[PDB]
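K.L.:
Sequence, then structure. It's an experimental one.
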Amino acid sequence: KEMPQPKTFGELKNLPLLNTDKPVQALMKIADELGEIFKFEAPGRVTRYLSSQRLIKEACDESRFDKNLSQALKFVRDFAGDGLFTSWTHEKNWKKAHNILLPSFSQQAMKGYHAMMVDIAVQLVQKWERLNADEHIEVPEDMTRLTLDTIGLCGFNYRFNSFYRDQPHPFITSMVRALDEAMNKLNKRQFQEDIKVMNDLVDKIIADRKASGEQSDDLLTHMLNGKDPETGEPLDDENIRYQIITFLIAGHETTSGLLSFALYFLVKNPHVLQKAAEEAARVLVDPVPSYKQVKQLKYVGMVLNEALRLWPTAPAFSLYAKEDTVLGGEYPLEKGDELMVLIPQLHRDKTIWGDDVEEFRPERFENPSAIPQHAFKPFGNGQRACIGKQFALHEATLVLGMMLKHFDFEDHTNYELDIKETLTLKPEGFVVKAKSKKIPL
Ligand code: HEM
């Protein structure tokens with residue numbers, strides 16, 4: 001009933017413990033040491049870090065806890081606004097945008113984004129087909145060029161043309177710089193400029209679209225046409241802008257990190273790569289994959305879920321208690337007390353997964369309804385879960401499937417995993433060589 005806590009440093013409390021490049025990975029070692037819940041304090045603040053399915057299932061009870069805006073999210077809000085990711089559940093625009101957008105993010109909706117997803121996936125595979133013998137691939141870098149450009153095209157029909165450039169489109173530069181400044185806060189002049197570069201481009205495209213009247217297969221058209229069933233109101237132009245920024249911010253690096261970790265685990269486990277490659281070769285019989293083919297990539301799906309089990313690329317989310325309540329019969333909480341769910345630790349809960357938790361075994365997702373409620377949460381929880389989940393999994397299944405169909409991969413550096421932490425996680429410096437199977441594309 002007395003909650004563990006790691007080392008304090010006077011008035012600085014535990015804060016110096018995350019004054020490090022890799023705070024979630026430091027927080028996992030502390031979980032390893034102290035167990036399923038520990039208190040963590042800074043000058044401003046108190047949270048409790050949760051690591052076990054037993055406690056997290058309670059934290060995921062939406063009658064008892066709701067999403068909290070962590071410090072990270074309030075810093076992101078300076079450019080993400082009241083878009084879905086940085087809004088309180090009780091803010092009017094959270095519910096309006098959630099109701100309007102949800103069906104545009106369904107699995108069914110992926111049929112309409114599929115062609116533009118393919119457009120960028122084909123650009124990626126064609127870059128790699130075109131590398132000379134003496135060349136290798138920078139994996140998180142290329143995955144991020146892919147995911148940015150795909151979210152740009154599917155979100156607002158805009159081409160960042162990241163595969164035509166060494167220096168990204170200036171929106172991307174400002175967005176990436178803005179996100180890093182927001183994360184480093186846990187400069188001011190550049191932050192305002194980068195905010196402006198983002199709103200100006202996105203405002204222009206929205207203003208251009210309303211001018212022309214064109215209908216496209218993008219999220220911007222759906223938002224210009226949507227009406228919230230409850231209020232009957234549409235989203236206004238400002239909020240629509242924030243949502244577009246938000247899809248880019250929330251979706252670019254979580255998804256590129258997933259594709260990166262997945263390829264990492266595959267090159268480190270050749271038997272698994274071979275099984276995935278055999279599926280890809282049997283399923284993707286056409287030079288351009290179809291929507292239906294991507295759905296038939298079951299083992300690729302399992303690969304991605306196993307990568308998400310080990311390194312969920314948005315590894316922590318924050319909750320607050322709605323009312324006074326007792327967690328797990330042992331830990332009294334007050335209204336407003338904060339919890340943090342440490343997803344990498346949840347995903348290593350031996351009582352759910354067995355003792356082999358560090359092993360990469362996609363067969364553990366063979367039968368996805370075996371997995372107990374709230375044991376596997378890379379996309380967060382309940383109504384505040386990732387609205388992008390189907391878009392992310394469709395994108396990654398499509399792209400990994402193509403990669404595995406078109407190339408053999410060599411881990412030519414015997415890469416050693418080094419996980420860089422920002423808002424998200426990625427295997428920094430991961431590189432491979434890809435030898436083409438010379439299959440038509
Ligand atoms: C594998 C890739 C992804 C992962 C692991 C992921 C993870 C998450 C998680 C954990 C949350 C909950 C955040 C919290 O509780 O504070 C979240 C929310 C969200 N994500 Fe994702 N995300 C991914 C891809 C994407 C994509 C591609 C998009 C957009 C196209 C996206 C858009 C959003 C939005 C808008 C929210 C806020 C939803 C709401 O609260 O209404 N995400 N994501």
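P.N.:
Perfect, thanks for sending it. Numbers count the residues shown, from 1 in each chain.
K.L.:
And for the residue of the stretch 51-200 of the chain found nearest the ligand, the neighbour number?
P.N.:
The nearest approach of the stretch 51-200 of the chain to the ligand comes at residue 84, 3.6 Å away (Cβ to the nearest ligand atom). Every C-beta, even on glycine, is put in place using the N, C-alpha and C of the backbone. Using other Cβ atoms under 10 Å, the number of residues around residue 84 comes to 25.
K.L.:
what's the answer for the one 5 residues further on, then?
P.N.:
The local packing of residue 89 (other Cβ under 10 Å) involves 15 other residues.
K.L.:
Contacts only, for it.
P.N.:
66-67, 95, 383-384 (Cβ atoms under 8 Å, 6 or more residues apart in numbering).
K.L.:
Just among the residues you listed, which is most surrounded?
P.N.:
residue 67 (22 neighbours).
K.L.:
gap between the closest residue to it other than its chain neighbours and the ligand?
P.N.:
Counting by Cβ to Cβ, 6 or more residues apart in numbering, residue 67 lies nearest to residue 384, which is 4.0 Å off, once chain neighbours are set aside. Residue 384 sits 4 Å away from the ligand when distances are taken as Cβ to the nearest ligand atom, to the nearest Å.
K.L.:
Closest approach to the ligand from the protein, which residue is it?
P.N.:
Counting by Cβ to the nearest ligand atom, the chain gets nearest to the ligand through residue 388 (2.1 Å).
K.L.:
how many neighbours does the closest residue to that residue other than its chain neighbours have?
P.N.:
Closest residue in space to residue 388, ignoring its immediate chain neighbours: residue 251 at 4.9 Å, by Cβ to Cβ, 6+ apart. Look at residue 251: counted by other Cβ under 10 Å, it has 23 neighbours.
K.L.:
Residue 390 now?
P.N.:
Around residue 390 there are 17 residues (other Cβ under 10 Å).
K.L.:
which is the next helix or strand following the helix or strand that contains it?
P.N.:
Assigned by DSSP states H and E, residue 390 falls within helix 389-406. Next in sequence after helix 389-406, counting helices and strands by DSSP H and E, comes strand 407-410.
K.L.:
Next secondary structure element downstream of that next one?
P.N.:
strand 419-421.
K.L.:
and this protein, which residues reach the ligand?
P.N.:
Taking Cβ under 6 Å from any ligand atom as the criterion, the neighbours of the ligand within the chain are 67, 84-85, 98, 151, 246-247, 250-251, 254-255, 258, 312-314, 317, 378-380, 384, 386-388, 391-392.
K.L.:
now the helices for the stretch 201-350 of the chain?
P.N.:
219-225, 237-267, 270-283, 291-295, 298-310, 343-346, 350-353 (DSSP state H, counting those that start in this stretch).
K.L.:
Please name the residues that touch the residue positioned nearest the centre of the chain.
P.N.:
What sits nearest the mean C-alpha location of the chain, by Cα atoms, centre = their mean, is residue 254, with 2.7 Å. When contacts are counted by Cβ under 8 Å, 6+ apart, residue 254 touches 313-314, 386, 392, 424.
K.L.:
could you pull out the strands for this protein?
P.N.:
For the chain, strands defined by DSSP state E occupy the ranges 37-41, 46-50, 65-67, 137-138, 316-321, 325-327, 331-333, 338-342, 407-410, 419-421, 425-427, 431-436.
K.L.:
Turn the ones you listed into a markdown table, columns for distance to residue 238.
P.N.:
Shown next, in a markdown table, are these (distance: least, Cβ to Cβ, whole Å):
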| stretch | distance to residue 238 |
| --- | --- |
| strand 37-41 | 36 |
| strand 46-50 | 32 |
| strand 65-67 | 22 |
| strand 137-138 | 37 |
| strand 316-321 | 26 |
| strand 325-327 | 37 |
| strand 331-333 | 36 |
| strand 338-342 | 29 |
| strand 407-410 | 44 |
| strand 419-421 | 31 |
| strand 425-427 | 31 |
| strand 431-436 | 41 |
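K.L.:
How about the contacts made by residue 67?
P.N.:
Residues in contact with residue 67 (Cβ under 8 Å, 6+ apart) are 88-89, 317-319, 381, 384.
K.L.:
I'd say residue 82 and residue 242 touch.
P.N.:
Yes - with contact defined as Cβ atoms under 8 Å, residue 82 and residue 242 form a contacting pair (6.2 Å).
K.L.:
Please identify which of these two sits among more neighbours.
P.N.:
Counted by other Cβ under 10 Å, residue 82 and residue 242 do not tie: residue 242 has more neighbours, with 26 against 20.
K.L.:
surely the more buried one meets residue 78?
P.N.:
No - counting by Cβ under 8 Å, residue 242 sits too far from residue 78 to count as a contact (11.1 Å).
K.L.:
Residue 435 - how many residues pack around it?
P.N.:
12.
K.L.:
for residue 49, same thing?
P.N.:
Neighbour number of residue 49 under other Cβ under 10 Å is 24.
K.L.:
So in terms of bridging, what pairs with it?
P.N.:
Under the criterion DSSP bridges, residue 49 forms beta bridges with residue 38, residue 340.
K.L.:
From residue 58, how far off is it?
P.N.:
Look at residue 49 and residue 58: by Cβ to Cβ, to the nearest Å, they are 14 Å apart.
K.L.:
just how off-centre is the helix holding residue 390 within its chain?
P.N.:
Relative to its parent chain, helix 389-406 has a centroid offset of 14 Å by Cα atoms, centre = their mean, to the nearest Å.
K.L.:
buried sites along it?
P.N.:
Neighbour-count burial for helix 389-406 flags 390-406 (criterion: 16 or more other Cβ atoms under 10 Å).
K.L.:
same deal with stretch 174-189?
P.N.:
Going by neighbour count (16+ other Cβ under 10 Å), the buried part of stretch 174-189 is 174-179, 181-182.
K.L.:
Those: which two are farthest apart?
P.N.:
Using Cβ to Cβ, the pair of the buried residues of stretch 174-189 lying farthest apart is 174 and 182, separated by 12.2 Å.
K.L.:
wouldn't residue 156 be in contact with residue 245 here?
P.N.:
No - between residue 156 and residue 245 there is no contact under Cβ under 8 Å: 10.3 Å.
K.L.:
what is in contact with those two at once?
P.N.:
Contacts common to residue 156 and residue 245, judged by Cβ under 8 Å, 6+ apart, are residue 202.
K.L.:
how near is the residue nearest to residue 167 when sequence neighbours are not counted to residue 179?
P.N.:
Distances taken as Cβ to Cβ, 6+ apart place residue 173 nearest to residue 167, at 7.4 Å, with adjacent residues excluded. According to Cβ to Cβ, residue 173 and residue 179 sit 11 Å apart.
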